[PDB]
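Participant: Encoded as structure tokens, here's the structure I'll be asking about.
Positions of Cβ are backbone-derived with ideal geometry, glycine not excepted, and every protein chain shown enters the neighbour counts. Values quoted throughout were computed directly from the atomic coordinates according to the rules given, and no laboratory measurement underlies them.
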Amino acid sequence: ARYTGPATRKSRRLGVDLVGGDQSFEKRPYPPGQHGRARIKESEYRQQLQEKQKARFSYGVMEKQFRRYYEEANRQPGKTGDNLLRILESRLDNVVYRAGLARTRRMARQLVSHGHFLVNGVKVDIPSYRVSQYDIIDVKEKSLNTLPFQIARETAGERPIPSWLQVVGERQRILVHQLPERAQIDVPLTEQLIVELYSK
Amino acid sequence: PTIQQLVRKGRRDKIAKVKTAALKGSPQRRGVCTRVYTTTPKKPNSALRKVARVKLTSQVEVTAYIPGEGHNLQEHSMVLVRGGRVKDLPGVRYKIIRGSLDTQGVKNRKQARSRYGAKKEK
Amino acid sequence: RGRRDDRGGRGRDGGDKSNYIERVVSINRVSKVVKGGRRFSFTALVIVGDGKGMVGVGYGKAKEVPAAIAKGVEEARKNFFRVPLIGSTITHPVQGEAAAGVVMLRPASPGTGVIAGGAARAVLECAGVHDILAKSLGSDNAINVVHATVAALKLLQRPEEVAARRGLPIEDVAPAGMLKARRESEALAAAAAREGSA
Amino acid sequence: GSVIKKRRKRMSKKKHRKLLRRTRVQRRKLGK
Amino acid sequence: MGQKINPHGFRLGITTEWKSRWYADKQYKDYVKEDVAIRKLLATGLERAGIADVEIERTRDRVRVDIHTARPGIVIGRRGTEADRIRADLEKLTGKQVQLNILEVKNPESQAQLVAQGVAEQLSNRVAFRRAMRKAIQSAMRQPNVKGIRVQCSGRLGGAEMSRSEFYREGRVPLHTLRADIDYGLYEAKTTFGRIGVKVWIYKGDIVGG
RNA sequence: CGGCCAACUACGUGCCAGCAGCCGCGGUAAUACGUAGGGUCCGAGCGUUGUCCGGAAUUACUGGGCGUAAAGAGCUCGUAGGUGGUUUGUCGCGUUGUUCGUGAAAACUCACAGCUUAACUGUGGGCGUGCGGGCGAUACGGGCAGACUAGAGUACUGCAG
RNA sequence: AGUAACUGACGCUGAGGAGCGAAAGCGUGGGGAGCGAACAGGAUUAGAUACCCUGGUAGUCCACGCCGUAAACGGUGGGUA
RNA sequence: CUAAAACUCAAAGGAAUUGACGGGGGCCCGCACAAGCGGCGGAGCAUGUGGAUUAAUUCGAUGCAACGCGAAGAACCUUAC
Ligand SMILES: [Mg+2]
Ligand SMILES: [Mg+2]
Ligand SMILES: [Mg+2]
Ligand SMILES: [Mg+2]
Ligand SMILES: [Mg+2]
Ligand SMILES: [Mg+2]
Ligand SMILES: [Mg+2]
Ligand SMILES: [Mg+2]
Ligand SMILES: [Mg+2]
Ligand SMILES: [Mg+2]
Ligand SMILES: [Mg+2]
């Protein structure tokens, strides 16, 4: 299932901006609902769960998928937090959203689900597609000569392209060199709390 | 302590401590109902709990409590007994599921929606 | 605990140095019987320490929660405690035994995360440990668990310290992996120092 | 410790001995 | 809470003064009636503005009121909109004129009644009553020609159900000593749950005052 | 949607009707019952029932005690057993190192590859905690052949009861 | 304890088992002063089948035998540096 | 002596700390006990209260610490029945 409710509600409830570009969050920093001014008791478990909820609502991933990603991270030899962040950022939806071909995570997910890309010359309609090293993400002409893709490729001035992603020209052929790292991702929220929570 | 004693005899489990006499571990069972009456809880809580003696098909006789507000079952009815726990009732370790074979759901219920056999209103 | 993040119209409100990571374990009401009626009190179990590893526990006693918390903070600041560390983890596995609290602590690799009970996790987060393991085996309490953690930390010893005590140089006491971890931690500390000074 | 458990054991043993004194004749008639 | 007698009510003719100093044969009734009427009329206004004492004296068929305001500017706004308005209200409610004359206090923190009004307003403003009392005690002990203070906020503190009476004191507050010149303040605060009592004592100094 | 444990506003029920896993909540002003909304968890699944484990160090060999929480037999002799002072030679049953065969296929995991991703599947290893044969080692546990007194028992002279 | 001579590991514990084992009680034949279970009465109490008083059968004693029970408490097993 | 099962309880237990108490102790006070004076309780009057009537006997205080208390003023009024 895919989330359909308002994202600003969750952003205000958690206290951090999940979509990045939004004014409702900064206009109403208090949690939504009839009780947004009540003092909430500080709880380690509460903060640990809020971190995971922020990550989930920002990356657009289900709970079972997040649990599987955490399990794979813990199974990997590296560190749990960085491995989880890497396996979550390696998704095709977030990759194409950070490459500049999409404005919002929801739009990137919708586009990658509608089948508007060509991974190594093969079609794909799964946002959970985990890219690998030296992978190429192309775009078909039908989805290239359209309006949304043109606007997304001409408005490439929101954020700079990271070190592990690159645009090889006007074709918007996304190229990846290696897997992302902590310094290359630079996620606002940390991962130690989420790891300690999932390691209960 | 005394590894020799441990090798000789000792270090055994205490007991299995069977929770309920489920008769081969049957979560939900049925049977005949009789004497649908009311019982009084302990002194810390004064009320009237509607209970009934149920003779299950496993050749056993227990006392089951009907959860909810209005019970529809009566003498010689088909109910679905399950394993429960009622602290206020001393000696009751079984409950009845509403809306399984002959019981009817509670009226004006739109919050629980899972227990008491509450259906979805249109 | 309430109405603390205010802005008074006075000169100073309490802004100073010593921004240690203060953490409360638990607060319970204590009653005393007298000739007519009962008198209530508040006991606070505070832990104050710097992110470097210097920790200190306190036990404040008053008739108000803020006063008890302040007394505990002052007691912790007065009675400090030093703890050895290798980068971000404990030195060696230990098992501290308080009156009834038996807290066993074990090291862990970077990126694992601290795991312990309430008071144990509180004191460890207040300390400079981030990736270790700990378990309190019984006594179902908080003050005893804190004292057991303090005893476990006291039972620790630095590598160079134990080497000088046994009369041997380096590379003859610490394993190769532990020595490499210590060298990496020292390099990281030197890099932090030079990047903060320059 | 206290004497609560000791008093309980004493009462139980006294009741058991009273029951035995009452049923002595019947037990003897059955075991003769 | 306790059976301690009001120091002002006890020394009304020894150390403290009287708020109503007049005499009349068969007219004292109407005099005190007009006094309490003026008091009830000015209650809300002078409470929102800050009031310490209202000394009313009676003259040859006229009145002489002296109100001790703490924050001048709220009750005395534009000349002809607030002060004259309340004056005309009092005049049309009573059967005579009113030559209202306000007198400003020297220090709001030195007056017991003003401290009680302030602490009650703070408590009603949804703040910590403990911190409010502490700051009030600090303000009243910041050398306002004082030597002791004792503040108490009884009733349903913190909107709870138990009648908690926090006994807070500082300095020297003797009640059995006559040569005290202690000022007292009794206030009743209204909340969304019920009523609250505020009892204040300010021991200024050991002045005889004979 | 009271604390365990992520989340509150109002109306009606005020020892009643009910809620509930433990603490346990209502006797007119229930964040603990029904109803209206608001918040939280999940999402084609959500809560409940029955079963096994962790927490419970709650059969403690790794991981407890036996004076006052459960516990030294009322005290002695003794069978089988457990165990045992120093030291020389010897066998090497235990132990240790090495090597050959097995420990099937299958399963878990590391790496790669395919079904659009994943579930799923195939390939090269670890594992398959052990076992069967040969050789090496002798400090230690074990057996045999020796020696000695600090333990053990007896001898002679006194001693309290 | 002293001499320290003698064999030189024969040292310690001990599942079952065997022995001893406070008081109380039973059989046999005696004795029984005092005390003293039960039993009778006197006295208080609303009620005393008890605490108090007056007589007293078994018991307390001897030899042959039995059950193995005590707060058998140092509530703490034996042995070793 | 060997020795359980069903059922039940959310405890049962150990140490110490502060109040209450001992017909426990030790150190001391109050017309408190002892000696004296004047009484209540015995009869009439005055009310208040309990209890019963009642068209209403408005309402309460339930010892010490309520009961010549609220009545420091009851034909209408007071009075709320
Ligand atoms: Mg013994
Ligand atoms: Mg040997
Ligand atoms: Mg295999
Ligand atoms: Mg034996
Ligand atoms: Mg005898
Ligand atoms: Mg005899
Ligand atoms: Mg006698
Ligand atoms: Mg009389
Ligand atoms: Mg009353
Ligand atoms: Mg009187
Ligand atoms: Mg009339």
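Participant: Taking the Cα-to-Cβ direction at residue E:44 and at residue B:8 and moving 7 Å from each Cα, how far apart do the two end points lie in nm?
Facilitator: 9.4 nm
Participant: What are the equivalent ellipsoid semi-axes of region A:15-72, built from the alpha-carbon gyration tensor (square roots of five times its eigenvalues), in whole angstrom, biggest first?
Facilitator: Each semi-axis is √(5λ); the values are 24, 17, 8 Å.
Participant: Also, I was wondering about something else. Counting each DSSP H run of 4 or more residues in chain E as -39500 (n - 2.57), what helix-only mean residue ellipticity at 222 nm follows after dividing by all residues, to the nearest 500 deg cm²/dmol?
Facilitator: Helices in chain E give a 222 nm mean residue ellipticity of -9500 deg cm²/dmol.
Participant: Distance between Cα centroids, region C:84-140 to region E:113-140: provide it in whole Å.
Facilitator: Taking the Cα centre of each part, region C:84-140 and region E:113-140 sit 45 Å apart.
Participant: How long is region E:1-116 along each principal axis, judged by its Cα atoms, biggest number first, in Å?
Facilitator: Taking max minus min along each principal axis of the Cα atoms, region E:1-116 gives 45, 39, 25 Å.
Participant: I've got another one for you. Give the average, rounded to an integer, of partner chain Cβ atoms located within 10 angstrom of each Cβ in A:70-83.
Facilitator: 2
Participant: Separate question: Can you tell me the orientation of helix E:28-49 relative to chain E, as the angle in degrees between its alpha-carbon axis and the longest Cα principal axis, to the nearest 10?
Facilitator: With both axes taken from Cα atoms, the answer is about 60 degrees.
Participant: Fewest to most neighbouring Cβ within 10 Å: what's the order for C:126, E:153?
Facilitator: With the fewest neighbours first, C:126, E:153 line up as C:126, E:153.
Participant: Let me ask something else. Taking the alpha-carbon centroid of each part, what is the distance from region A:55-87 to region B:54-122 in angstrom?
Facilitator: Value for the Cα centre distance between the two parts: 43 Å.
Participant: Taking 0.36 nm per intervening residue step and subtracting the Cα-Cα distance, what contour gain separates residue A:1 from residue A:72 on full extension?
Facilitator: 23.4 nm
Participant: I've got another one for you. In which sequence would C:5, E:206, C:50 go, from the one with the fewest C-beta neighbours within 10 Å to the one with the most?
Facilitator: Ranked by crowding around the Cβ, least crowded first: C:5, E:206, C:50.
Participant: So for the pair residue E:66, residue B:102, with labels modelled 7 Å out along Cα→Cβ, what separation do we get in nm?
Facilitator: Computed distance between label sites residue E:66 and residue B:102 equals 9.3 nm.
Participant: From other protein chains only, count the Cβ atoms within 10 Å of every residue's Cβ in C:105-115, then give the mean.
Facilitator: For this peptide, the per-residue mean of nearby foreign Cβ atoms is 4.
Participant: Relative to the present Cα-Cα distance, how much length would full extension add between residue C:39 and residue C:26 at 0.36 nm per residue of separation?
Facilitator: 2.7 nm
Participant: Would you mind ranking E:67, A:185, A:126 so that the residue whose beta carbon has the fewest other beta carbons within 10 Å leads the list?
Facilitator: A:126, A:185, E:67
Participant: To continue, here is another question. For chain C, what is the calculated [θ] at 222 nm in deg cm²/dmol (nearest 500), taking -39500 (n - 2.57) for each run of four or more DSSP H residues and dividing by its residue count?
Facilitator: -10500 deg cm²/dmol
Participant: When all alpha-carbon pairs of the protein assembly as shown are counted, what percent fall beyond 50 Å?
Facilitator: 51 percent
Participant: Between helix E:112-124 and chain E, what is the angle of the helix's C-alpha long axis to the longest principal axis, kept within 0 to 90° and rounded to the nearest 10?
Facilitator: Taking Cα atoms only, the helix is inclined about 70 degrees.
Participant: So what's the net charge close to residue A:12: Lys and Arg +1, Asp and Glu -1, counting the other residues with Cβ under 15 Å from its Cβ?
Facilitator: Result for the neighbourhood of residue A:12: +4.
Participant: Compute log10 of I(q)/I(0) for region A:92-185 with the Debye formula, placing one identical point scatterer on every Cα and leaving out solvent, at q = 0.14, 0.20 Å⁻¹, to two decimals.
Facilitator: -0.44, -0.95
Participant: With every atom except the alpha carbons ignored, what do you get for Rg and Dmax of region C:20-96, in angstroms?
Facilitator: So, for region C:20-96, Rg and Dmax equal 16.2, 57 Å respectively.
Participant: Inverting the mean 1/r over all pairs of different Cα atoms, compute the Kirkwood radius of region E:57-139 and quote it in Å.
Facilitator: 15.2 Å
Participant: Can you list the residues, at least 5 places off or on another chain, whose amide H is less than 5 Å from the amide H of residue B:32, using H built in the peptide plane?
Facilitator: B:55
Participant: Kirkwood hydrodynamic radius (Cα pairs, Å) of chain C?
Facilitator: Mean inverse Cα-Cα distance, inverted, gives 18.9 Å.
Participant: For the ranges C:189-195, C:84-90, A:133-139, A:93-99, what's the packing order if you count other beta-carbon atoms within 10 Å of each residue, average per peptide, and put the highest first?
Facilitator: Going by the mean number of other Cβ atoms within 10 Å, highest first, we get A:93-99, C:84-90, A:133-139, C:189-195.
Participant: Would you list which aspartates and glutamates come within 16 Å of residue A:64, measuring only between C-alpha atoms, while excluding same-chain residues fewer than 8 positions from it?
Facilitator: A:72
Participant: First measure r as the distance between the Cβ atoms of residue A:23 and residue C:197, then evaluate 1/(1 + (r/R0)^6) with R0 = 60 Å and state the FRET efficiency to the nearest 0.05.
Facilitator: 0.90
Participant: Using the C-alpha gyration tensor of region B:6-122, what are the square roots of 5 times its eigenvalues, in whole angstrom, with the largest one first?
Facilitator: Ellipsoid semi-axes (Å, largest first): 32, 17, 16.
Participant: Using a 7 Å offset from Cα along Cα-Cβ at residue B:110, what residues in region A:1-39 end up with backbone N under 14 Å from the label point?
Facilitator: none
Participant: Exceeding 20 Å between C-alpha atoms, which entries from my cross-link table qualify? They are C:71/E:199; A:41/C:52; A:200/C:180; A:79/A:200.
Facilitator: Pairs exceeding 20 Å: C:71/E:199; A:41/C:52; A:200/C:180.
Participant: Here's something else I'd like to know. Of all DSSP beta bridges located in region E:17-106, what percent are antiparallel, nearest 5?
Facilitator: Looking only at bridges with both residues in region E:17-106, the antiparallel portion is about 55 percent.
Participant: Using per-residue counts of other Cβ atoms within 10 Å, averaged over each peptide, order D:6-18, C:111-123 from highest down.
Facilitator: C:111-123, D:6-18
Participant: Go ahead and run the numbers for FRET between residue C:97 and residue A:158, Cβ-Cβ distance against an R0 of 60 Å, rounding to 0.05.
Facilitator: For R0 = 60 Å, the calculated efficiency reads 0.55.
Participant: At 27 angstrom or more along the helix axis (alpha-carbon based) and mean Kyte-Doolittle of 0.0 or higher, what helices does chain C contain? Whole DSSP H runs only.
Facilitator: Answer set is empty.
Participant: Distance from the Cα centre of region E:156-210 to that of region A:122-153, in angstrom?
Facilitator: Using only Cα atoms to place each centre, the spacing works out to 76 Å.
Participant: Taking only Cα atoms, what is the 0 to 90° angle, nearest 10, from helix E:83-93's long axis to the longest principal axis of chain E?
Facilitator: Taking the Cα atoms of chain E, the angle to E:83-93 is about 70 degrees.
Participant: On to the next question. If I take all pairs of Cα atoms in region A:1-136, what percentage of them are more than 20 Å from each other?
Facilitator: Percentage above 20 Å: 54.
Participant: Then there is this: For the cross-link pairs B:43/D:15; B:43/B:87; A:27/E:190, which exceed 24 Å when the distance is taken from alpha carbon to alpha carbon?
Facilitator: B:43/D:15; A:27/E:190
Participant: Right, next: Classify region E:64-210: rounded, prolate or oblate, from the alpha-carbon gyration tensor (a ≥ b ≥ c, eigenvalue square roots; a/c under 1.5 rounded; otherwise prolate if a/b is larger than b/c)?
Facilitator: oblate
Participant: Which order do the peptides E:116-125, A:12-21, C:26-35, A:148-157 come out in when sorted by mean C-beta neighbours inside 10 angstrom, highest first?
Facilitator: E:116-125, A:12-21, A:148-157, C:26-35
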